[PDB]
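So this first bit is one chain, no partners, the form deposited in one PDB entry, shown in structure tokens.
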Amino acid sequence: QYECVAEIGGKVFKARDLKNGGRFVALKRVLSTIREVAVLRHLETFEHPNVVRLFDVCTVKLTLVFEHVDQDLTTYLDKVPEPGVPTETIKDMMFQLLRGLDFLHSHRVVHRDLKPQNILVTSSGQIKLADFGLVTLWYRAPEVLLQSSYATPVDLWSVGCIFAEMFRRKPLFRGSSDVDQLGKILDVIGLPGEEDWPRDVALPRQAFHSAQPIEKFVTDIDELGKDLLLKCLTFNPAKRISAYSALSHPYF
């Protein structure tokens, strides 16, 4: 019922839904596991417009069948004609992003690895999150780098990072390792202040040595866009804005 036409990324393939007009699909071959798939199926019943459709789950290693989207945010940003993405297209794609995120969060599912490669862009220009529910550290939240907490704010830090990248069209924080990554981050937002530093991690606030204008790194950002971007990129997970309240920020 499926013919693998090409490999892409468990490992993701591009097949043809033989029983459904030969349309294209993305087959991923991959107790906790059983539970994770049950959640995926459960989330699918809500058929959210900003989450990739899960057309079916086959057994025999398990293969998940998703709708296939021709491109991701990276490809989209590679092809856009300078000066780049239209300010109103950024605003929209960001809203669609926050929309799917809040959906997942409302259901207590943390994406964990939100990055341009798994944020797909539809033929119609619709954002659809993928690769969740089952390396580059450029989108890792501070707390994850420090191995402190792992709640849902983690995904919002990633959103701030993607948001910046829609303007820059280049990653904001391009670290080479956990420590380098955390280093490049603090150069921008500045040292958090002992009060906001996890009290259980191995890396002391002392292992680093002041904040600077965000507009310097993200040119063309509005005042609202700048407010939102900073609320996302807040060092303390507890003080970081959520997707839900991000959907209500004046920026939108």
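What we label the rigid core is the largest C-alpha set whose atoms superpose within 1.5 Å from one form to the other. All residue numbers are counted from 1 along the displayed sequence.
This next part talks about the form deposited in another entry, which is not shown.
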**Asked** Just checking, between the shown form and the other one and with the core aligned, does residue 243 shift 2 Å or more at the CA?
**Response** no
If we fit on the core, is the Cα of residue 36 displaced 2 Å or more between the shown form and the other one?
yes
(Q) Once the core is superposed between the shown form and the other one, does residue 229 show a C-alpha displacement of at least 2 Å? (A) no
Against the displayed form, residue 97 vs residue 36 by Cα, in the other entry, with 3 angstroms or more change: pair is closer
